[PDB]
Number of protein chains: 2
Amino acid sequence: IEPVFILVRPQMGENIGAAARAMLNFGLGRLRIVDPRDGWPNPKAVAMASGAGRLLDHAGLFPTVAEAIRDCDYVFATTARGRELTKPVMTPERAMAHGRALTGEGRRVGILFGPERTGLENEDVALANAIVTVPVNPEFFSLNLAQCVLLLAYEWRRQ
Amino acid sequence: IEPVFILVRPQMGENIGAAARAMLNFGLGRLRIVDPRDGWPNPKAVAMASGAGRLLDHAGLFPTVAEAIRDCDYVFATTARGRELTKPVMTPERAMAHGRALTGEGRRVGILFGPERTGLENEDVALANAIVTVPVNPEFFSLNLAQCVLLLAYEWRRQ
Ligand SMILES: [Cl-]
Ligand SMILES: [Cl-]
């Protein structure tokens, strides 16, 4: 029913908590954490999440991206630009529309988000079905992890 | 041509700089600052803006909301919930669609954003033509100033 938001190697607990708040603004609650730099549970994530702490309590903790997507039927990978990696590349609008169609059919949808400073590696994206790219100023990109999560959760809710 | 983003009594320079980065991600560059708490120019805003510093250099500084909107044909006021204040209340999607139609006709459009901790006062909203409300979880609202700015700039660019 809900897509799962999957944070890949997040670096700072505060970013994890901020991502969780962004989701919950739009009534989304399914989070997974992959191979976090600072281990887990993370009291800084809990602090920053505040009222969204329950998202963190129920987030699956996974050692690898492959394990985190094993039960997904379709996986989107978010990237700053439309990388040429053999995958289709959709805007958040066209991606979440496809996502809603899949979930309406009873399929499980995952969305990968990379660490704030580097984004996903090509090898992480290789595991996904499709790339999602926010249409951005070619001269300036400044979306942080929570903002990326916010935009996707926002598009999901828009419908 | 571009809508003007108008920050009303912003409290912390870092929030101003973060708002400017959010705009510039979507190629938007028209900013106004109304009656800021810490005065202006603000080296903390400049620091946080980084590559978006030019938005801050060209932002008009105004003593009141009335002055900041004097040259606008149509003003949207962002609020967390759909306040009953005699104005129409639109989602960001329907608001920015109307906004694009107005600017396409050569009309000047302004968008008001309140201080991060309180939002706009009813007396600020009284000066606007319409309210914009992000559709949000009734149980949880956590959009900060930069996120609010990000969502509107994102919707503007979407079209
Ligand atoms: Cl991170
Ligand atoms: Cl503020």
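A note on names: the letters A, B, ... follow the listed sequences, proteins ahead of strands, and every chain is numbered from 1.
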Apply side-chain contact (heavy atoms from CB on, under 4.5 Å) to residues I16(A) and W40(A) and explain how you reach the verdict. CA-CA 11 Å; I16(A) 296 170; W40(A) 193 259; 3.7 Å; yes

Might you work through the side-chain contact (heavy atoms from CB on, under 4.5 Å) test for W156(B) and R100(B), ending with a clear yes or no? CA-CA 8 Å; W156(B) 182 264; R100(B) 285 177 301 264; 3.8 Å; yes

CA sep, side-chain torsions, deciding dist, call: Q147(B), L151(B), side-chain contact (heavy atoms from CB on, under 4.5 Å): CA-CA 6 Å; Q147(B) 285 177 347; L151(B) 291 172; 5.5 Å; no

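Interface check for chain A: of the options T91(B), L28(B), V134(B), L24(B), the most heavy-atom pairs under 4.5 Å are formed by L24(B). Among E139(B), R157(B), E93(B), the residue making the largest number of heavy-atom pairs under 4.5 Å with chain A is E93(B). Among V136(B), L150(B), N144(B), the residue with the largest count of heavy-atom pairs under 4.5 Å with chain A is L150(B). Among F26(B), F141(B), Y154(B), the residue with the largest count of heavy-atom pairs under 4.5 Å with chain A is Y154(B).
If you run side-chain contact (heavy atoms from CB on, under 4.5 Å) between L112(B) and each of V132(B), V4(B), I69(B), only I69(B) comes through.
In this structure, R107(B) is not positioned above the aromatic face of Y74(B) in the sense of NZ or CZ being under 6.0 Å from the six-membered ring centre and within 45° of the axis.
Classification of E155(B) and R158(A) as a salt-bridged pair holds, one side-chain N sitting under 4.0 Å from a carboxylate O.
The structure places CD of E105(B) at 10.0 Å from CG of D73(B), a figure rounded to the nearest 0.5 Å.
Looking only at distances, a side-chain donor or acceptor of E116(B) sits under 3.5 Å from a matching main-chain atom of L145(B).
For a heavy-atom cut-off of 4.5 Å, chain A lies close to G51(B), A52(B) in residues 44-56 of chain B.
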